[PDB]
file work.txt (compact mmCIF, C-alpha atoms)
# COMPACT_ATOMS: atom_id res chain seq x y z
CA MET A 1 4.17 15.99 6.69
CA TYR A 2 0.67 15.27 7.94
CA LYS A 3 -2.30 15.07 5.57
CA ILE A 4 -5.82 13.62 5.36
CA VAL A 5 -6.61 11.13 2.59
CA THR A 6 -10.06 9.79 1.68
CA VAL A 7 -9.73 6.16 0.56
CA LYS A 8 -12.22 3.72 -0.93
CA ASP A 9 -11.58 0.15 0.16
CA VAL A 10 -13.21 -3.25 0.68
CA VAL A 11 -13.46 -4.47 4.28
CA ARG A 12 -13.63 -8.16 5.20
CA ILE A 13 -15.83 -8.14 8.31
CA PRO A 14 -15.71 -11.50 10.14
CA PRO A 15 -18.90 -13.15 11.43
CA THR A 16 -17.87 -12.62 15.06
CA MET A 17 -18.58 -8.87 14.79
CA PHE A 18 -21.90 -9.17 12.94
CA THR A 19 -23.65 -7.95 16.10
CA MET A 20 -22.20 -4.43 16.08
CA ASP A 21 -23.05 -1.90 13.39
CA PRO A 22 -21.06 -1.98 10.12
CA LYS A 23 -19.39 1.40 10.73
CA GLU A 24 -17.61 0.44 13.97
CA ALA A 25 -16.67 -3.00 12.64
CA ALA A 26 -15.15 -1.48 9.50
CA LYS A 27 -13.34 1.07 11.67
CA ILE A 28 -11.84 -1.71 13.80
CA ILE A 29 -10.82 -3.84 10.81
CA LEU A 30 -9.10 -0.85 9.23
CA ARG A 31 -7.31 -0.15 12.53
CA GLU A 32 -5.92 -3.69 12.54
CA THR A 33 -5.11 -3.70 8.83
CA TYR A 34 -3.74 -0.27 7.83
CA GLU A 35 -2.83 1.52 11.07
CA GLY A 36 0.81 1.33 12.08
CA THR A 37 2.18 0.47 8.63
CA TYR A 38 4.30 2.20 5.99
CA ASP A 39 2.94 2.78 2.48
CA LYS A 40 5.26 3.42 -0.46
CA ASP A 41 3.23 6.29 -1.96
CA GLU A 42 1.53 8.10 0.95
CA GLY A 43 3.88 7.70 3.93
CA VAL A 44 3.00 6.27 7.35
CA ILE A 45 -0.58 5.30 8.17
CA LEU A 46 -1.11 6.96 11.55
CA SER A 47 -4.82 6.84 12.45
CA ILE A 48 -8.09 5.97 10.74
CA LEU A 49 -10.35 8.97 11.29
CA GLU A 50 -13.90 7.93 10.37
CA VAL A 51 -15.97 6.11 7.75
CA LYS A 52 -18.55 8.07 5.77
CA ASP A 53 -20.36 5.50 3.62
CA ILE A 54 -20.33 1.71 3.97
CA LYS A 55 -21.99 -0.49 1.36
CA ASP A 56 -24.03 -3.67 1.77
CA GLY A 57 -22.04 -6.83 2.34
CA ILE A 58 -21.19 -9.30 -0.41
CA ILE A 59 -20.91 -12.99 0.47
CA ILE A 60 -18.21 -14.72 -1.58
CA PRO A 61 -17.77 -18.52 -1.49
CA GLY A 62 -15.12 -19.98 0.79
CA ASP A 63 -15.16 -17.80 3.91
CA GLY A 64 -18.67 -16.59 4.71
CA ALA A 65 -17.49 -13.24 6.04
CA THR A 66 -19.12 -10.14 4.57
CA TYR A 67 -17.16 -7.86 2.24
CA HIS A 68 -18.20 -4.19 2.20
CA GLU A 69 -17.20 -1.28 0.02
CA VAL A 70 -16.16 1.50 2.40
CA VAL A 71 -15.08 5.13 2.27
CA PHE A 72 -12.85 6.42 5.06
CA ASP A 73 -10.33 9.12 5.93
CA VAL A 74 -6.83 8.13 7.02
CA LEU A 75 -4.44 10.51 8.77
CA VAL A 76 -1.18 9.80 6.94
CA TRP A 77 2.23 11.47 7.27
CA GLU A 78 4.21 11.72 4.02
CA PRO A 79 7.91 12.62 3.85
CA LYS A 80 8.84 14.57 0.73
CA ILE A 81 12.32 14.81 -0.76
CA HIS A 82 14.00 18.24 -0.90
CA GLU A 83 11.73 19.92 1.69
CA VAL A 84 12.20 21.70 5.03
CA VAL A 85 12.13 19.98 8.42
CA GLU A 86 11.62 21.24 11.98
CA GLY A 87 12.64 18.84 14.72
CA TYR A 88 14.83 18.07 17.70
CA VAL A 89 17.80 15.69 17.83
CA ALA A 90 16.72 12.49 19.58
CA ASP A 91 20.24 11.04 19.62
CA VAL A 92 23.61 11.28 17.88
CA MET A 93 26.07 8.73 16.49
CA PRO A 94 29.59 8.94 15.00
CA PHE A 95 28.21 8.31 11.49
CA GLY A 96 25.26 10.70 11.76
CA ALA A 97 22.75 12.50 13.93
CA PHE A 98 19.14 11.40 14.48
CA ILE A 99 16.59 14.18 13.93
CA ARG A 100 12.96 13.74 14.99
CA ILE A 101 10.77 14.68 12.02
CA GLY A 102 7.48 13.13 13.15
CA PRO A 103 6.41 9.49 13.32
CA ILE A 104 9.89 8.48 12.10
CA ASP A 105 13.43 9.69 12.76
CA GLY A 106 15.76 11.23 10.19
CA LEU A 107 19.53 10.93 9.89
CA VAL A 108 21.90 13.88 9.39
CA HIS A 109 25.34 12.79 8.22
CA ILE A 110 28.41 14.28 9.89
CA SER A 111 29.63 15.31 6.43
CA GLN A 112 26.41 17.35 6.16
CA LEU A 113 26.41 18.74 9.71
CA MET A 114 28.68 21.73 9.05
CA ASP A 115 30.81 23.25 6.33
CA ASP A 116 33.42 23.36 9.08
CA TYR A 117 35.07 20.10 10.10
CA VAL A 118 33.32 18.30 12.96
CA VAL A 119 34.56 15.86 15.59
CA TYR A 120 32.48 13.49 17.73
CA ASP A 121 33.35 14.44 21.30
CA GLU A 122 32.92 11.38 23.53
CA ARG A 123 32.96 13.34 26.82
CA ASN A 124 29.21 13.94 26.44
CA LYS A 125 28.78 11.91 23.21
CA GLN A 126 28.12 15.11 21.26
CA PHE A 127 29.28 16.91 18.12
CA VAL A 128 31.41 20.05 18.12
CA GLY A 129 32.67 22.26 15.31
CA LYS A 130 36.43 22.64 14.99
CA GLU A 131 36.60 26.42 14.49
CA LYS A 132 33.01 27.67 14.88
CA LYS A 133 32.86 26.43 18.52
CA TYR A 134 29.30 25.26 17.82
CA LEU A 135 27.98 22.01 19.26
CA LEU A 136 25.06 19.60 19.00
CA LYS A 137 23.75 17.69 22.01
CA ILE A 138 20.74 15.45 22.60
CA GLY A 139 17.68 17.65 23.04
CA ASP A 140 18.88 20.48 20.79
CA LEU A 141 16.27 22.00 18.49
CA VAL A 142 17.50 22.37 14.90
CA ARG A 143 16.19 23.11 11.41
CA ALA A 144 17.33 20.96 8.48
CA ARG A 145 16.45 19.98 4.92
CA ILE A 146 15.32 16.48 3.92
CA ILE A 147 17.35 15.20 0.97
CA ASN A 148 16.88 11.41 0.71
CA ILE A 149 14.05 9.00 1.50
CA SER A 150 14.34 5.20 1.42
CA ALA A 151 11.45 2.75 1.89
CA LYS A 152 12.23 -0.96 2.30
CA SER A 153 9.05 -2.48 3.76
CA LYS A 154 5.73 -1.65 5.44
CA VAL A 155 7.48 -1.59 8.84
CA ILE A 156 8.15 2.04 9.76
CA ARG A 157 11.21 1.07 11.80
CA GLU A 158 13.19 -0.38 8.90
CA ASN A 159 12.73 2.52 6.47
CA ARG A 160 15.29 5.29 6.92
CA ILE A 161 15.44 8.99 6.09
CA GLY A 162 18.50 11.20 5.55
CA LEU A 163 18.67 14.98 5.85
CA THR A 164 21.13 17.78 5.10
CA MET A 165 22.17 20.54 7.48
CA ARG A 166 24.97 22.69 5.95
CA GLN A 167 22.90 24.48 3.32
CA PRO A 168 22.05 28.16 3.90
CA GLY A 169 18.98 28.91 5.97
CA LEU A 170 19.44 25.77 8.09
CA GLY A 171 21.12 25.14 11.42
CA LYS A 172 20.52 25.58 15.11
CA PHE A 173 18.24 28.55 15.74
CA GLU A 174 21.10 30.36 17.49
CA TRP A 175 23.27 29.89 14.40
CA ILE A 176 20.36 31.10 12.26
CA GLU A 177 20.18 34.23 14.42
CA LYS A 178 23.94 34.75 14.04
CA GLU A 179 23.63 34.42 10.26
CA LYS A 180 20.80 36.97 10.35
CA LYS A 181 23.10 39.30 12.32
CA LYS A 182 25.77 38.86 9.64
CA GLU A 183 23.20 39.61 6.92
CA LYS A 184 22.16 42.78 8.75
CA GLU A 185 25.81 43.81 9.16
CA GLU A 186 26.53 43.33 5.46
CA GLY A 187 23.36 45.25 4.58
CA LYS A 188 24.34 48.13 6.86
CA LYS A 189 27.92 48.45 5.56
CA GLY B 299 -37.97 -48.90 -26.69
CA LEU B 300 -35.84 -46.33 -24.85
CA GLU B 301 -37.67 -43.21 -23.67
CA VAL B 302 -35.72 -39.94 -23.69
CA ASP B 303 -37.28 -36.50 -23.38
CA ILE B 304 -37.54 -34.46 -26.57
CA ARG B 305 -35.96 -31.41 -24.91
CA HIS B 306 -32.54 -33.05 -24.59
CA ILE B 307 -32.60 -33.92 -28.29
CA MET B 308 -33.59 -30.33 -29.08
CA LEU B 309 -30.70 -28.97 -27.01
CA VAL B 310 -28.18 -31.25 -28.72
CA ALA B 311 -29.49 -30.44 -32.21
CA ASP B 312 -29.56 -26.69 -31.55
CA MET B 313 -25.99 -26.79 -30.26
CA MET B 314 -25.00 -28.82 -33.33
CA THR B 315 -26.60 -26.35 -35.77
CA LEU B 316 -25.55 -23.12 -34.03
CA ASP B 317 -22.95 -22.01 -36.59
CA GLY B 318 -25.24 -22.15 -39.63
CA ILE B 319 -23.84 -25.55 -40.66
CA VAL B 320 -24.23 -29.04 -39.25
CA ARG B 321 -21.00 -29.79 -37.40
CA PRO B 322 -19.88 -32.82 -35.37
CA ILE B 323 -19.93 -33.11 -31.60
CA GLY B 324 -16.29 -34.20 -31.29
CA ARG B 325 -12.88 -32.56 -31.48
CA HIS B 326 -13.52 -31.21 -35.00
CA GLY B 327 -16.94 -29.78 -34.15
CA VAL B 328 -18.66 -28.22 -31.15
CA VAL B 329 -15.71 -28.99 -28.87
CA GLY B 330 -13.21 -27.60 -31.38
CA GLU B 331 -15.16 -24.33 -31.50
CA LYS B 332 -14.94 -23.81 -27.73
CA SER B 333 -13.18 -20.57 -26.85
CA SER B 334 -11.42 -21.86 -23.72
CA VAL B 335 -7.94 -23.20 -24.42
CA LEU B 336 -7.74 -25.54 -21.43
CA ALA B 337 -11.21 -26.97 -22.11
CA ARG B 338 -10.15 -27.92 -25.64
CA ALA B 339 -6.77 -29.24 -24.47
CA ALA B 340 -8.46 -31.46 -21.88
CA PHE B 341 -10.46 -33.19 -24.64
CA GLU B 342 -8.51 -35.57 -26.90
CA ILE B 343 -5.67 -33.75 -28.68
CA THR B 344 -3.79 -31.83 -25.99
CA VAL B 345 -0.27 -30.89 -27.10
CA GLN B 346 -1.51 -29.71 -30.51
CA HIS B 347 -4.10 -27.41 -28.94
CA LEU B 348 -1.67 -25.96 -26.38
CA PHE B 349 1.04 -25.36 -28.98
CA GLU B 350 -1.35 -23.71 -31.43
CA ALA B 351 -2.85 -21.56 -28.66
CA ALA B 352 0.63 -20.42 -27.65
CA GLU B 353 1.31 -19.68 -31.32
CA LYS B 354 -1.66 -17.30 -31.67
CA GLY B 355 -1.47 -16.05 -28.08
CA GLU B 356 -5.02 -17.10 -27.23
CA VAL B 357 -6.49 -16.09 -23.87
CA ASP B 358 -8.55 -18.39 -21.64
CA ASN B 359 -11.12 -16.17 -19.93
CA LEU B 360 -12.18 -19.10 -17.69
CA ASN B 361 -15.86 -18.59 -18.48
CA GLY B 362 -16.57 -22.33 -18.74
CA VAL B 363 -16.83 -25.29 -16.41
CA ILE B 364 -13.88 -27.51 -17.35
CA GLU B 365 -11.08 -24.97 -16.89
CA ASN B 366 -12.48 -23.72 -13.58
CA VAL B 367 -12.35 -27.32 -12.36
CA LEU B 368 -8.77 -27.68 -13.63
CA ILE B 369 -7.62 -24.60 -11.71
CA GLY B 370 -9.79 -25.20 -8.64
CA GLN B 371 -12.24 -22.29 -8.71
CA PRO B 372 -16.05 -22.20 -8.58
CA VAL B 373 -17.78 -23.22 -11.80
CA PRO B 374 -20.41 -20.76 -13.12
CA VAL B 375 -23.32 -23.22 -12.94
CA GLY B 376 -25.89 -24.19 -10.35
CA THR B 377 -24.85 -22.74 -7.00
CA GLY B 378 -21.90 -21.10 -8.77
CA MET B 379 -24.15 -18.42 -10.29
CA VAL B 380 -25.76 -17.30 -7.02
CA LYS B 381 -24.65 -13.87 -5.82
CA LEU B 382 -25.41 -13.18 -2.17
CA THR B 383 -25.74 -9.94 -0.21
CA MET B 384 -26.38 -9.33 3.47
CA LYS B 385 -27.30 -6.50 5.81
CA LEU B 386 -24.75 -6.50 8.62
CA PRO B 387 -26.67 -5.68 11.85
CA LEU B 388 -28.09 -8.99 13.10
CA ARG B 389 -30.32 -9.00 16.18
CA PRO B 390 -31.34 -12.39 17.61
CA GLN B 391 -34.94 -12.57 18.78
call {"tool": "encode", "arguments": {"input": "work.txt", "output": "structure tokens"}}
result
Amino acid sequence: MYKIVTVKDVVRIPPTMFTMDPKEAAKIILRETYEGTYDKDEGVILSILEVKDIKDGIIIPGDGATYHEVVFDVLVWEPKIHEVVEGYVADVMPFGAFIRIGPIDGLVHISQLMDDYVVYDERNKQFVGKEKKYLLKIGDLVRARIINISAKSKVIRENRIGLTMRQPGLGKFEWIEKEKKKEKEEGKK
Amino acid sequence: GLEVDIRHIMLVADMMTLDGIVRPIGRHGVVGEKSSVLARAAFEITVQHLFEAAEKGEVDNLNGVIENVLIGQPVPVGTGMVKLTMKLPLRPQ
């Protein structure tokens, strides 16, 4: 889930951008370096916001480009294990369903879709419960729980995320309403 | 009849008498008291110095000239001690 992180960092500013002010040059270098990458501890680097303080450059032998201590805010989205997720199903597959949780997509296994048995109907390439007569189709809006996060590399595409859907308080909003109706009925009896 | 400046002689003598005793300039003296492992191993006895350094687990902080040459990093002498700083916005006249 989205958050703002203030990070201190050293920026290698090449001689070709010596003309512009240090703030914009540091902003650009951080856009090229951090933006669009996955970090193991904070999530997905989405957008560099702004730089507050930039230090004077240090010339080190070998390159001639200036190195500056910088302070900046990065808008980063962090998935957290065992939390709640609001999203829509981007697509479905026989092994699992893809749930849009933000910058990256999550996977809901068919064994975690329903307590009831499910079958992958190929007529519309959609899921359908055996006895509940419920169904999932592309574009449906559902609520699920994140249960597993895996991070291979800094590429956001490769890292995968798996969710759960059977547990109480989750499901399609219509099913949530039906469960609320059942709760009201059992409270009234 | 050879003319050498007194200051060089003073430097050599002061380095020779820096430990409170007069000690040689060779492998059993000033060189043998160098802290850097690689600097000592480069001079004369090499396998003995490396084996004894591995025995005691000595660390080479790379504060000298010889080892920085061996690894291929700037030596801390002459232009190697100059730290440079620069204000970024440059405006040609």
call {"tool": "residues_around", "arguments": {"input": "work.txt", "residues": "residue B:310", "least_positions_apart": "6", "cutoff": "12 Å", "atoms": "only C-alpha atoms", "output": "PDB file with C-alpha atoms, in the coordinates of the input"}}
result
ATOM      1  CA  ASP B 303     -37.280 -36.500 -23.380  1.00  0.00           C
ATOM      2  CA  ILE B 304     -37.540 -34.460 -26.570  1.00  0.00           C
ATOM      3  CA  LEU B 316     -25.550 -23.120 -34.030  1.00  0.00           C
ATOM      4  CA  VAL B 320     -24.230 -29.040 -39.250  1.00  0.00           C
ATOM      5  CA  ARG B 321     -21.000 -29.790 -37.400  1.00  0.00           C
ATOM      6  CA  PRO B 322     -19.880 -32.820 -35.370  1.00  0.00           C
ATOM      7  CA  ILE B 323     -19.930 -33.110 -31.600  1.00  0.00           C
ATOM      8  CA  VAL B 328     -18.660 -28.220 -31.150  1.00  0.00           C
TER       9      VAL B 328
END
call {"tool": "interface_residues", "arguments": {"input": "work.txt", "of": "chain A", "to": "chain B", "cutoff": "8 Å", "atoms": "all atoms listed in the file", "output": "list in words"}}
result
residues 18, 19, 20, 21, 22, 56, 57, 58, 59, 60 and 66 of chain A
call {"tool": "closest_residue", "arguments": {"input": "work.txt", "among": "A:113, A:71, A:99, A:151", "to": "residue A:53", "atoms": "all atoms listed in the file"}}
result
A:71
call {"tool": "residues_around", "arguments": {"input": "work.txt", "residues": "residue A:108", "least_positions_apart": "2", "cutoff": "12 Å", "atoms": "all atoms listed in the file", "output": "ChimeraX atom specification"}}
result
/A:85,87-101,105-106,110-114,127,136,142-148,160-166,171
call {"tool": "atom_distance", "arguments": {"input": "work.txt", "atom1": "atom CA of residue A:117", "atom2": "atom CA of residue A:132"}}
result
9.2 Å
call {"tool": "atom_distance", "arguments": {"input": "work.txt", "atom1": "atom CA of residue A:125", "atom2": "atom CA of residue A:138"}}
result
8.8 Å
call {"tool": "atom_distance", "arguments": {"input": "work.txt", "atom1": "atom CA of residue B:335", "atom2": "atom CA of residue B:359"}}
result
8.9 Å
call {"tool": "residues_around", "arguments": {"input": "work.txt", "residues": "residue A:173", "least_positions_apart": "4", "cutoff": "10 Å", "atoms": "all atoms listed in the file", "output": "ChimeraX atom specification"}}
result
/A:140-143,169,177-179
call {"tool": "axis_aligned_box", "arguments": {"input": "work.txt", "around": "stretch 156-169 of chain A", "padding_each_side": "6 Å", "output": "JSON"}}
result
{"center_x": 16.6, "center_y": 14.3, "center_z": 7.6, "size_x": 28.8, "size_y": 41.3, "size_z": 20.5}
call {"tool": "build_atoms", "arguments": {"input": "work.txt", "residues": "stretch 351-369 of chain B", "atoms": "N, CA and C atoms", "output": "PDB file, keeping the file's coordinate frame"}}
result
ATOM      1  N   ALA B 351      -2.384 -22.699 -29.450  1.00  0.00           N
ATOM      2  CA  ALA B 351      -2.850 -21.560 -28.660  1.00  0.00           C
ATOM      3  C   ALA B 351      -1.694 -20.653 -28.276  1.00  0.00           C
ATOM      4  N   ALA B 352      -0.546 -21.234 -27.922  1.00  0.00           N
ATOM      5  CA  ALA B 352       0.630 -20.420 -27.650  1.00  0.00           C
ATOM      6  C   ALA B 352       1.108 -19.702 -28.903  1.00  0.00           C
ATOM      7  N   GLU B 353       0.911 -20.316 -30.073  1.00  0.00           N
ATOM      8  CA  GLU B 353       1.310 -19.680 -31.320  1.00  0.00           C
ATOM      9  C   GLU B 353       0.522 -18.395 -31.567  1.00  0.00           C
ATOM     10  N   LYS B 354      -0.804 -18.458 -31.434  1.00  0.00           N
ATOM     11  CA  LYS B 354      -1.660 -17.300 -31.670  1.00  0.00           C
ATOM     12  C   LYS B 354      -1.829 -16.421 -30.437  1.00  0.00           C
ATOM     13  N   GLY B 355      -1.301 -16.830 -29.289  1.00  0.00           N
ATOM     14  CA  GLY B 355      -1.470 -16.050 -28.080  1.00  0.00           C
ATOM     15  C   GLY B 355      -2.896 -15.982 -27.583  1.00  0.00           C
ATOM     16  N   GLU B 356      -3.631 -17.087 -27.670  1.00  0.00           N
ATOM     17  CA  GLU B 356      -5.020 -17.100 -27.230  1.00  0.00           C
ATOM     18  C   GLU B 356      -5.104 -16.904 -25.719  1.00  0.00           C
ATOM     19  N   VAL B 357      -6.225 -16.341 -25.281  1.00  0.00           N
ATOM     20  CA  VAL B 357      -6.490 -16.090 -23.870  1.00  0.00           C
ATOM     21  C   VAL B 357      -7.632 -16.997 -23.432  1.00  0.00           C
ATOM     22  N   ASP B 358      -7.512 -17.548 -22.231  1.00  0.00           N
ATOM     23  CA  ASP B 358      -8.550 -18.390 -21.640  1.00  0.00           C
ATOM     24  C   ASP B 358      -9.227 -17.561 -20.554  1.00  0.00           C
ATOM     25  N   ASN B 359     -10.415 -17.040 -20.862  1.00  0.00           N
ATOM     26  CA  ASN B 359     -11.120 -16.170 -19.930  1.00  0.00           C
ATOM     27  C   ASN B 359     -11.723 -16.934 -18.758  1.00  0.00           C
ATOM     28  N   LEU B 360     -11.666 -18.267 -18.776  1.00  0.00           N
ATOM     29  CA  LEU B 360     -12.180 -19.100 -17.690  1.00  0.00           C
ATOM     30  C   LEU B 360     -13.661 -18.841 -17.449  1.00  0.00           C
ATOM     31  N   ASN B 361     -14.421 -18.792 -18.538  1.00  0.00           N
ATOM     32  CA  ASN B 361     -15.860 -18.590 -18.480  1.00  0.00           C
ATOM     33  C   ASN B 361     -16.631 -19.905 -18.491  1.00  0.00           C
ATOM     34  N   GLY B 362     -15.944 -21.036 -18.653  1.00  0.00           N
ATOM     35  CA  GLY B 362     -16.570 -22.330 -18.740  1.00  0.00           C
ATOM     36  C   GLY B 362     -16.475 -23.124 -17.445  1.00  0.00           C
ATOM     37  N   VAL B 363     -16.798 -24.410 -17.569  1.00  0.00           N
ATOM     38  CA  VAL B 363     -16.830 -25.290 -16.410  1.00  0.00           C
ATOM     39  C   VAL B 363     -15.522 -26.066 -16.282  1.00  0.00           C
ATOM     40  N   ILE B 364     -15.013 -26.591 -17.398  1.00  0.00           N
ATOM     41  CA  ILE B 364     -13.880 -27.510 -17.350  1.00  0.00           C
ATOM     42  C   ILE B 364     -12.647 -26.823 -16.774  1.00  0.00           C
ATOM     43  N   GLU B 365     -12.303 -25.651 -17.312  1.00  0.00           N
ATOM     44  CA  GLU B 365     -11.080 -24.970 -16.890  1.00  0.00           C
ATOM     45  C   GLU B 365     -11.155 -24.540 -15.430  1.00  0.00           C
ATOM     46  N   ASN B 366     -12.330 -24.096 -14.978  1.00  0.00           N
ATOM     47  CA  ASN B 366     -12.480 -23.720 -13.580  1.00  0.00           C
ATOM     48  C   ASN B 366     -12.292 -24.916 -12.658  1.00  0.00           C
ATOM     49  N   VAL B 367     -12.645 -26.115 -13.124  1.00  0.00           N
ATOM     50  CA  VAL B 367     -12.350 -27.320 -12.360  1.00  0.00           C
ATOM     51  C   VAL B 367     -10.851 -27.603 -12.377  1.00  0.00           C
ATOM     52  N   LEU B 368     -10.206 -27.418 -13.533  1.00  0.00           N
ATOM     53  CA  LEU B 368      -8.770 -27.680 -13.630  1.00  0.00           C
ATOM     54  C   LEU B 368      -7.981 -26.802 -12.674  1.00  0.00           C
ATOM     55  N   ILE B 369      -8.335 -25.516 -12.587  1.00  0.00           N
ATOM     56  CA  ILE B 369      -7.620 -24.600 -11.710  1.00  0.00           C
ATOM     57  C   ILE B 369      -8.064 -24.699 -10.257  1.00  0.00           C
TER      58      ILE B 369
END
